Amino acid sequence: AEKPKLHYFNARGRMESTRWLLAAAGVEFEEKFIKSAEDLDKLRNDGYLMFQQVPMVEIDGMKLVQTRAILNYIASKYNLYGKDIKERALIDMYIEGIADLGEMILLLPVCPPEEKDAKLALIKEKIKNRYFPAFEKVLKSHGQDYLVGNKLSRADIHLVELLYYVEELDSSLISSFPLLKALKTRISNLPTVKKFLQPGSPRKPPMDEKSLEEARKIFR
Amino acid sequence: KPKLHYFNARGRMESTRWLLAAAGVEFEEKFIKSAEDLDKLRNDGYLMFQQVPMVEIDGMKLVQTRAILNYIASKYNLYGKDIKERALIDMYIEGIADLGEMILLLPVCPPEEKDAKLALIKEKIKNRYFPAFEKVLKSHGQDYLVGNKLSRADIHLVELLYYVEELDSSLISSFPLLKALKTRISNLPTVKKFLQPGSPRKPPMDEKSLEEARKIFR
Ligand SMILES: N[C@@H](CCC(=O)N[C@@H](CS[C@H](CC=O)c1ccccc1)C(=O)NCC(=O)O)C(=O)O
Ligand SMILES: N[C@@H](CCC(=O)N[C@@H](CS[C@H](CC=O)c1ccccc1)C(=O)NCC(=O)O)C(=O)O
């Protein structure tokens with residue numbers, strides 16, 4: 001059979017959460033890197049992109065576009081999306097808050113430097129007073145190793161990935177949240193995630209301007 | 001019965017109203033009128049992220065639009081029949097939500113950006129989103145987007161067609177199969193009742209309602 005093909009460019013961007021999720025499932029995948037605006041145009045003209053956008057993922061006979069369609073399919077296929085509809089609602093509620101915070105962080109580099117540290121200061125405030133207490137409260141509520149159902153789920157994977165990006169932005173932001181610290185350690189120590197965290201994995205670095213201008217030339 | 005917590009406007013709650021109505025589910029709305037009433041919900045712990053939309057359903061206090069919709073869609077069997085059908089649906093509705101998001105945020109755009117944003121919305125409507133969804137319908141020829149059966153993808157898409165009509169009734173004119181889907185879904189019994197006067201369906205957001213919103217969300 002065929003292992004899934006990730007079509008993006010060589011950066012975190014909107015593909016990284018899927019890299020984390022497939023790796024944590026222990027699924028091997030290939031990446032076909034888009035290197036120019038002409039590579040993007042070839043995927044368009046070939047009819048591979050429903051909305052002429054990437055992320056695109058070739059899996060199980062489909063060409064899935066949209067971040068949330070790809071992740072939902074992968075999370076369901078590998079039993080990381082809860083056991084029932086109610087657990088799914090909890091998972092979805094949790095991960096969509098994570099998506100909201102992950103979005104602000106993702107779009108820090110290509111905001112006008114006129115507003116960067118105004119935006120960054122509000123990202124930091126929402127972390128300390130809104131998102132980090134919300135999840136710490138969830139972990140305190142049940143005292144189990146995983147956010148939902150006492151079983152590893154996509155919520156745990158998505159949250160811990162964001163914990164890493166929060167650490168990159170301000171390492172002190174986690175310090176008053178002991179249960180988030182512990183989750184971060186336990187999840188990072190799962191053999192699949194620990195491999196993915198070790199060098200030479202498909203995990204991607206933070207975006208420098210070198211790759212920000214590459215993304216500028218590919219997406220115009 | 002489900003209890004919808006939002007303010008008296010479309011906002012991020014309308015697509016839930018549409019989806020519940022199409023599934024023939026009666027609901028109550030608890031309208032927020034002040035920032036005071038929003039803080040009542042927050043301090044009472046009802047909002048996980050201190051935000052609405054929030055829906056009381058089946059014992060839970062679900063915030064996040066997509067958590068609400070995904071749960072209602074599965075409960076009332078509008079999420080397809082397997083995860084490959086849910087993946088087609090998800091790919092479709094996320095395109096819809098991308099365009100819907102642009103339209104939802106037009107009135108709150110900075111006034112100097114509004115001419116450009118509206119032009120862009122129309123360009124993507126005409127060249128990206130409507131051709132994408134017409135090609136789906138032309139590809140299998142069926143009356144519904146997925147599985148030859150009604151699903152949330154049809155409901156979300158038709159809802160968005162009404163917002164495109166309000167913005168520019170010419171935009172759908174070159175897309176015959178979208179037109180026919182709009183009328184077919186409009187004439188489904190539960191949807192036809194929702195579209196009629198006096199339903200919970202909300203109007204476009206005028207000036208008064210928009211500054212009601214800013215006061216509530218400080
Ligand atoms: N809802 C969808 C959205 C899909 C989407 O916006 N894809 C984009 C590339 S990501 C972006 C590009 C940089 O400027 C970036 C890359 C790095 C950092 C920040 C942003 C794209 O393909 N743009 C082409 C076009 O819109 O025509 C989904 O979640 O999948
Ligand atoms: N990801 C989440 C987001 C939830 C979300 O952003 N809720 C907001 C109200 S909607 C917005 C408010 C107007 O300024 C509006 C309403 C009408 C028109 C345009 C914008 C809220 O509660 N804001 C309080 C706060 O953030 O402190 C979800 O999709 O569910």
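Chain identifiers are assigned alphabetically (A, B, ...) following the order of the sequence lines, protein sequences preceding nucleic acid strands; residue numbering begins at 1 within each chain.
Residues of residues 73-85 of chain B having a heavy atom under 4.5 Å from any heavy atom of chain A, listed by number: B:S74, B:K75, B:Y79, B:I83, B:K84. Against chain A, the residues from residues 32-44 of chain B that qualify, each with a non-hydrogen atom under 4.5 angstrom away, are B:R42 in number order.
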Please table the atom pairs, donor to acceptor, closer than 3.5 Å between any side-chain atom in residues 113-120 of chain A and protein atoms at least two apart or in another chain.
none

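Both the backbone and the side chain of A:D60 come within less than 4.5 Å of a heavy atom in chain B. Both the backbone and the side chain of B:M91 come within less than 4.5 Å of a heavy atom in chain A. Both the backbone and the side chain of A:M50 come within less than 4.5 Å of a heavy atom of chain B.
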task = Determine, step by step, whether A:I95 and B:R66 satisfy the side-chain contact (heavy atoms from CB on, under 4.5 Å) criterion, reporting the C-alpha distance in whole Å, the side-chain angles of both residues, the deciding distance to 0.1 Å, and the verdict.
result = CA-CA 10 Å; A:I95 69 182; B:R66 292 187 175 75; over 6 Å; no
message = Set out, in order, the CA-CA distance, both residues' side-chain angles and the distance that settles side-chain contact (heavy atoms from CB on, under 4.5 Å) for A:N72 and B:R86, then state yes or no.
response = CA-CA 8 Å; A:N72 290 353; B:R86 170 186 181 156; 3.6 Å; yes
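Within a 6.0 Å sphere centred on NZ of A:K5, other residues, nucleotides and ligands contribute more than 12 heavy atoms. Remark: B:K149 NZ is loosely packed, at most 12 non-hydrogen atoms of other residues, nucleotides or ligands lying under 6.0 Å away. A 6.0 Å sphere centred on CD of A:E2 holds no more than 12 heavy atoms belonging to other residues, nucleotides or ligands. Few gaps surround CD on A:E125; more than 12 heavy atoms of other groups in view lie less than 6.0 Å from it. Heavy-atom neighbours of B:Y144 OH from other residues, nucleotides or ligands within 6.0 Å: above the threshold of 12.
Between chain B and the residues A:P133, A:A134, A:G61, A:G97, the largest count of heavy-atom pairs under 4.5 Å involves A:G97. Interface remark: of the candidates B:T65, B:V63, B:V136, B:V63 forms the most heavy-atom pairs closer than 4.5 Å to chain A.
Annotation: B:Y92 is not in aromatic contact with A:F51 [ring centroid separation under 6.0 Å not met].
In terms of the ring-ring contact (aromatic ring centres under 6.0 Å, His included) criterion, A:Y73 has no residue partners (sequence neighbours excluded).
Looking only at atom types and distance, the side chain of A:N129 has no donor-acceptor partner in the side chain of B:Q50 under 3.5 Å away.
Among all heavy-atom pairs drawn from A:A69 and B:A87, the shortest one is CB-O, 4.0 Å.
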